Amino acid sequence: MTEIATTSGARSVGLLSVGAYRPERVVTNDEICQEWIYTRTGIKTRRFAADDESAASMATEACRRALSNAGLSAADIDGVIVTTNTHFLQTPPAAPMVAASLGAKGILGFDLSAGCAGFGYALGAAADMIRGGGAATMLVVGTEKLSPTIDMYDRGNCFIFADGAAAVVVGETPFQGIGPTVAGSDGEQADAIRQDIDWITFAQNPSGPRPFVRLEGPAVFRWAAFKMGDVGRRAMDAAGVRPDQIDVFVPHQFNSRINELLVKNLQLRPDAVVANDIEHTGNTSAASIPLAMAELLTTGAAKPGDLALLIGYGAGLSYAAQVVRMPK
């Protein structure tokens, strides 16, 4: 029964920085179709990536900005996790591609897919790896090129999804910066948000329709609005923080009315800042939460060290939540 070593890393880990990338093309409600969109969803405009851009290329840019904001270079990073739904290759994964693009072609890394909640899972996994001693400093980047997956004839969701990327640096902090991860799924509602035709079935029958994103609105709305408050409470309990201590709330930027209901259910202070990046960023799935954090810090709405509650929710029916201290 030979000894296998037990190891550990730094106990206190937090967000050292965030960097964000949004593509340049402003897309209006009048272009992604064929008066009440803003009212119903909270969206006015979104950003679409260029043809030559990819989830991977945007991840690279966000990571560059996150390193710069941390006072770090790529040689300081031990690992990278890319989280996404729009890396349109079965292999290779985007993480080593990003690693090489940053000039650290040899560092560990993998891709994490958990629908919209990928970021919360990816954060928790980096936190755990570092505390476990598998790394000291990591990049976690949510990146999405959703624009090509949208059926422009589907008024059900055509105005929802968008493009962009955002990265956080995660590493040793003087005090705990990332609370315990509260996560879960509802695999019985896997169909509620989906690619409608798998790629192989499509490739094997090219005379058929191509795949696009499909959404089941009432079922999604119902689930989020009514279960996400209890998830938020578990995240606050686990972190040992009270609802009234939360300065910033970053729900997934999926729909404004869902997020409005959550705020009331969660019993946060009246002055708690609630992320509304959705209005000019739309729904950027895995990139949503860190894009919203960056946006709040940019505008002055949040400050480094603010207590933020993050709740990711979406496809698979997956959610991941945690309390953090704001970076930068």
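Just count from 1 along the sequence shown to find any residue number.
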Determine, for stretches 41-49 and 62-70, which one has the higher mean CA B-factor as deposited. 41-49
Mean Cα B factor from the PDB record: higher for 265-273, or higher for 25-33? 25-33
Highest recorded Cα temperature factor - choice among 234, 242, 210, 214: 242
Highest Cα B-factor in the deposition, which of 156, 118, 206, 148? 156
Per the entry's values, where does residue 248 land by CA temperature factor relative to the rest of its chain, in the lowest, middle or highest third? lowest
Residue 78: which third of its chain by C-alpha temperature factor? middle
Thinking about Cα B factors across the chain, which third does residue 6 belong to? middle
With respect to C-alpha B-factor, does residue 285 fall in the lowest, middle or highest third of the chain as deposited? lowest
Can you tell me which third, lowest, middle or highest, the CA B-factor of residue 123 falls into for its chain? lowest
